[PDB]
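To start, the structure under review is shown below, and the notes come after it.
All residue numbers in this chain count up from 1 along the given sequence. Basis for what follows: all heavy atoms, side chains included, without hydrogens, waters or symmetry-related copies.
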Amino acid sequence: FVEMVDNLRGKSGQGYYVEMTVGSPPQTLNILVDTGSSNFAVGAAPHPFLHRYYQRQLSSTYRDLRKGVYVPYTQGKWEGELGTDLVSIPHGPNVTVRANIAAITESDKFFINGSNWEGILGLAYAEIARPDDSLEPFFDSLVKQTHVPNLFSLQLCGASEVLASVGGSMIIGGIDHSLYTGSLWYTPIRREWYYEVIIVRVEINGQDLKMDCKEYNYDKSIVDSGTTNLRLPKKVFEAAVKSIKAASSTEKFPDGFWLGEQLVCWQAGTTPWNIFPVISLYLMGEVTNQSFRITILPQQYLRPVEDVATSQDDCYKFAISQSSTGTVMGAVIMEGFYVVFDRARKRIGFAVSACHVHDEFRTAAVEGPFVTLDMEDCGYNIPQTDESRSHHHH
Ligand SMILES: N#Cc1ccc(COC(=O)[C@H]2C[C@]3(CN2)C(=O)Nc2ccccc23)cc1Br
Ligand SMILES: [Zn+2]
């Protein structure tokens, strides 16, 4: 899998993308890797934040499906025309695939200035594809038309006039042992829509938040490469920030720091890492009553920004933020770990990433098992709307 190592790039906080080609002759585009969605969609007209876009009419292998699509996120949305075309990943498997593509014709708060990506590769399950689940997602087509094992793995690697470049690896069809150290621990996928998981416990510097564990997963917990922060439900975020504030309390930062809206700075090289606590999320294990923990450092949740006007200083953004749609284990989490999306066995694996940023006293850690007897149920059941209830699935 050496040809797939280091095949992701991006700018810190603005998404990891992989190079893809669509069409005949091949049009090259930089495509966000997003495990929180299941559509393959590409900028298909001019836009202030796009260097280039997909030109359907210039591909002899394009086919229009004569159907529109609309996807609204919490932040951002887009619409497009559905079609299929030939797609390859030059630093991926040695295959070409006919896949669904949404040509994005309009959008708002979707594309990001300076990010260098022009589309999105949705790697989650058909259940949340748009307009509905009969639009085969890309990975499904890849596995179906080729010999590629139904699994991929992501190593996202952390970081004055530009933001920091980041690099990473997306290994399509397996697991590269150079990319992690020590044990690889798996947590069941609760349901194949998002990559949904269940957190059974949260510790800040070894101290239990002591919340009803249903609160950790209200209204869901998902692993999303296409989300920058660790995002936490309102009540969880408030307790977690209270604990981190407490530990770090020799430094009094402005409100805007903790809201994720302001940098704080120390003189080059003098950041007091050791006043910030480690955060451990315990995930449901494969075995009943077992769990394992993934522990991240302040090096992951304190995200570095080089300020033009204080470029002498090491400056950081707080990259834990509030959610009203559940826990999102985003890049902040993932940059600790080599994360294995084992679709075949309906599980997600975590191991310590051979590229995670640490210091001489503490590392990100993946550790288990831990055991509870009569371990309760920590899952939440999303209220079912009449809209969702009325849909037939033939
Ligand atoms: N109908 C629907 C529907 C609603 C919500 C979701 C949630 O989608 C995510 O979380 C993806 C998309 C993401 C980050 N990851 C985002 O939220 N804004 C944004 C902006 C730019 C790039 C990636 C993203 C998925 C579906 Br499908
Ligand atoms: Zn029907």
Side-chain angles (χ1 to χ4, degrees), residues 7-11 14-74 76-93 95-126 128-142 144-145 170 172 224-227:
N7 68 347
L8 310 179
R9 303 276 175 267
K11 282 315 207 173
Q14 291 186 321
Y16 293 82
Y17 60 78
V18 59
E19 194 182 286
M20 299 177 79
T21 76
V22 311
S24 321
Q27 304 176 38
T28 133
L29 299 155
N30 280 333
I31 304 292
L32 178 69
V33 175
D34 184 281
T35 61
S37 63
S38 315
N39 278 81
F40 182 45
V42 299
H47 184 277
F49 304 158
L50 296 174
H51 296 269
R52 68 205 158 174
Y53 54 95
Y54 174 46
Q55 305 190 73
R56 275 169 294 168
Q57 79 278 14
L58 291 62
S59 174
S60 54
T61 52
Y62 181 66
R63 308 204 282 257
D64 192 0
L65 289 168
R66 310 290 173 173
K67 189 169 194 174
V69 59
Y70 166 57
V71 179
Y73 310 122
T74 287
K77 71 252 210 319
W78 55 263
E79 51 179 54
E81 174 69 21
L82 290 176
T84 70
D85 208 336
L86 304 185
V87 187
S88 83
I89 303 183
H91 305 279
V95 301
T96 293
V97 67
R98 175 163 294 275
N100 293 134
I101 328 202
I104 297 167
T105 49
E106 301 289 340
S107 66
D108 185 309
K109 284 159 176 38
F110 179 54
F111 297 114
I112 301 184
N113 205 174
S115 71
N116 210 34
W117 58 255
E118 293 115 16
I120 186 164
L121 177 60
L123 283 173
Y125 296 100
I128 51 162
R130 309 260 74 110
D132 55 64
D133 67 326
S134 64
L135 192 79
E136 181 162 283
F138 171 85
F139 202 89
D140 296 41
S141 304
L142 173 67
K144 284 189 87 193
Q145 310 168 21
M170 179 183 181
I172 293 144
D224 185 8
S225 59
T227 289

Spacing of OG1 belonging to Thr61 relative to CZ belonging to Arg56, to within rounding of 0.5 Å: 13.5 Å

Partners passing salt bridge (charged side-chain N to carboxylate O under 4.0 Å, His left out) against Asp133 (at least two apart in sequence or in another chain): none

From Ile120 atom CD1 to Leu32 atom CG, the distance as rounded to the nearest 0.5 Å: 5.0 Å

From CG (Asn116) to NZ (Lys11), nearest 0.5 Å: 9.0 Å

Which atom of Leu86 lies closest to which atom of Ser24, heavy atoms considered: CD1-OG, 3.7 Å

Straight-line distance of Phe49 CZ to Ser107 OG, nearest 0.5 Å: 9.5 Å

Any side-chain donor near an acceptor of the partner, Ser88 and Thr21, under 3.5 Å: yes

Where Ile172 and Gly92 come nearest, the two heavy atoms and their spacing: CD1-CA, 4.3 Å

Contacts of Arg130 that satisfy side chain to side chain donor-acceptor pair (under 3.5 Å) - sequence neighbours left out: none

Within 6.0 Å of CD in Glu106, more than 12 heavy atoms from elsewhere: no

Distance-minimising heavy-atom pair for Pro72 and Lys77: CA-CB, 3.5 Å

SB check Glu19 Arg9 (cutoff 4.0 Å): no

Pair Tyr54, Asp85: side-chain N/O donor-acceptor within cut-off below 3.5 Å: yes

Exam field: side chain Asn30 to backbone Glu118, donor-acceptor pair closer than 3.5 Å: no

Stepwise side chain to side chain contact (heavy atoms under 4.5 Å, CB included) test for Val33 and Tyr17: CA-CA 5 Å; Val33 175; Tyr17 60 78; 5.8 Å; no

Separation of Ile112 CD1 from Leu50 CG (nearest 0.5 Å): 11.5 Å

CE on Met170 to OG1 on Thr35, rounded to 0.5 Å: 9.5 Å

Trace of the salt bridge (charged side-chain N to carboxylate O under 4.0 Å, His left out) decision for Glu81 with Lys67: CA-CA 6 Å; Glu81 174 69 21; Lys67 189 169 194 174; over 6 Å; no

Under 3.5 Å side-chain donor-acceptor pair for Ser37 and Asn39: no

Side chain to side chain contact (heavy atoms under 4.5 Å, CB included) evaluation trace for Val42 with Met20: CA-CA 11 Å; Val42 299; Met20 299 177 79; over 6 Å; no

Full working for side chain to side chain contact (heavy atoms under 4.5 Å, CB included) between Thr96 and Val87: CA-CA 6 Å; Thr96 293; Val87 187; over 6 Å; no

Minimum-distance pair of heavy atoms, taken over all atoms of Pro131 and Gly68: CG-O, 3.9 Å

Short side-chain to backbone donor-acceptor contact, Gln55 and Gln27, under 3.5 Å: no

For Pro137 against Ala126, the heavy-atom pair lying closest together: CG-CA, 3.6 Å

Set of side chain to side chain donor-acceptor pair (under 3.5 Å) partners for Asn100, sequence neighbours left out: none

Sub-4.5 Å side-chain heavy-atom contact between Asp34 and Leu123: no

Smallest separation among heavy atoms of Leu65 and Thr84, with atom names: CD1-CG2, 3.9 Å

Ring-ring centroid check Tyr53 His47, cutoff 6.0 Å: no

Check: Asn7 side chain, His91 main-chain N or O, donor-acceptor pair, under 3.5 Å: yes

Side-chain (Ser38) to main-chain (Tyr125) donor-acceptor, under 3.5 angstrom: yes

Worked verdict on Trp78 versus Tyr70 for side chain to side chain donor-acceptor pair (under 3.5 Å): CA-CA 6 Å; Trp78 55 263; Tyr70 166 57; over 6 Å; no

Ring centroid separation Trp117 to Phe110 under 6.0 Å: yes

Step-by-step side chain to side chain contact (heavy atoms under 4.5 Å, CB included) determination, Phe40 to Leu135: CA-CA 10 Å; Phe40 182 45; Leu135 192 79; over 6 Å; no

